[PDB]
Structures are given as structure tokens and as C-alpha cells.
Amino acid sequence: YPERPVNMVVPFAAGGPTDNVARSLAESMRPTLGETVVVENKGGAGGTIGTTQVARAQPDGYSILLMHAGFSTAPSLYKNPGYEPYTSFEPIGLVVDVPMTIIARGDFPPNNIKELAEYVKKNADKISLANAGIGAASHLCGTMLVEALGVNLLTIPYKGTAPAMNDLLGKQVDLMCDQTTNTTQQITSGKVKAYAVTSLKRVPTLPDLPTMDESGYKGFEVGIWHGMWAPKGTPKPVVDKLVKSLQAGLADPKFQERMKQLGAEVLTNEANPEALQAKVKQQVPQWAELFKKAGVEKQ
């Protein structure tokens, strides 16, 4: 192992934030894996369809999952998300931690986060919020945003924030929370309005955006960690090979440069099964409590 290419499933549309991470990582893992990694995009239901696909795939090491913190929210959002977060997989390791930006279409009237809150409260019924479906990173942040503002908004789900971004750029949807691996490009060129970040400290590549925390939203912190998993029952030597390849992929300079430019923190020393298992163990109950408090129930 591996004696043929390894398929890496990204549960979202090509060209978006997780796809960007996946394609860079696929390249960086190659020298150590000793085979090419082929990215497959499988969007739908906030990432649960793609996650489920890998959960049900042959445990031979030729199907692996690259998925983000939505892996941990979906079990509190769906009566049956299609997988069991603690047992459906053999965890390989953590990958990156990506902050989010609150953005709007380029001609959205407010120019800052204070004015945004005021505008959304006053004009709520005229405003659409985009996300990548229940279970997505943009869904989690969007939920937190409308809760913090005390509003209910028309909410439009997409198979990823790549198609959502298309509509935002096209002025077909108004407001979105999305990861810097997808938004940096559009923010720095001035193509979208940018209001705030969801990190505890400012994003150094986007230094003029205040955190939500410093903007008055105490504890409004969202970091979209990403993990890599194989299906339950994948042989230990195969998991071992995947761990070694992931570690080498994260330690690679080209990968790290691209991640740095996109505002992603590389979790270089946390690319091991135990770290990912611990992350999932902590995160599922954390988001469960958040949704419970927001009155957001399983469906």
C-alpha cells in the first residue's frame, strides 16, 4: 500500500475552501505516500453526504475523507447524519485550522461591523444569508451570527461556498460567513465587503478586519479545524502509512506557504489519530450545547 492512487473525498463543491486545502495537501503528500492523491468533490447536505460516502467505502486505504469541524456539528443537526462521529472512521490526524470572515456583496450598504449589525436588524426581511447547507462551517457561523444579531433571515443553502461565492459576487445573495481559504482572494481585491473575522486575534493577512470578540460579541470565536479519516477497519499498517504521509504533507514548505497566504494555521504537530479523536470528542458536545441554547434541533 498504496499500489494505486488514493481518492480523497471533499464533501463540498470544487473550488471552495476545503477543496483548496485538499488540492494543496494532495500535492504535498505525494513524495511520501508514493502515489498520487485524487481529490473527489461530493457536495450535499452540509458535507454529510460526502462524509457518509467515506464511512461506507471499502476500508482499504484507497478512500479517505478530508472534512472540517462540520463533521462535529452534523451529529447535533441531523437525526441521522449518515455516520457515527466516534466510530465510523479510523482517524488519521488534524490538518489545518481556518478562521472565518463575515462578508457581503460588493455593494452592500454598510461599511463596517457596527453599521452591518444596525443594517441587518433594520432591514432583515430584505436580506439573504448564504451557507453551504446544515452542517457546514458557513452554517455554524451563520447560525451564530443571526443569533448574536437577534434576527431570522432568508437562508440559502449551496453545495459549498464556491457556488455561494459565485452568487455573492453576482449580487444574487447578500451576506455570508466563509473561511479565509475561500474569501481572502475576494477581500483583498475589494470585490466583496468585509466586516470582521471569527478568530480570537486578528488575522494577520487581513489586518484591518476586527474580530467579532473585539466588536462586542464576547466569545464569538470560530476556528474551522480540518481532519483526515479512513473508514472503520482500515488496516493498522495502512493507517500508519497515511499518518506518516499526512505529517510529511503538513511539514512541506509549499503547502505551508499556500496555507499561510490563505490565513490557515497548519496543525503540523497534531497530525496523529489521537489528536483528531480528542478534537472530535471535545467538539461534538460543545456544538451540541450551542445549538441547544439557540433552539436549533435535529431534523
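Numbering starts at 1 and follows the sequence shown.
- Here the stretch with the larger average CA B-factor, out of 31-39 and 229-237, is 31-39.
- Comparing the deposited coordinates for 111-119 and 215-223, the stretch with the larger average C-alpha B-factor is 215-223.
- Remark: of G93, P81, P85, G160, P81 shows the highest value [criterion: C-alpha B-factor in the PDB entry].
- You'll see in the entry that, of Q185, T143, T73, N131, the Cα B factor peaks at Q185.
- Ranked within its chain, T198 lands in the middle third, by CA B factor from the PDB record.
- Ranked within its chain, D178 lands in the lowest third, by CA B factor from the PDB record.
- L25 sits in the middle third of its chain by CA B factor, as recorded in the PDB entry.
- When the modelled residues of the chain are ordered by their C-alpha B factor, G61 lands in the highest third.
- Looking at the C-alpha B-factors along this chain, the one for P207 belongs to the highest third.
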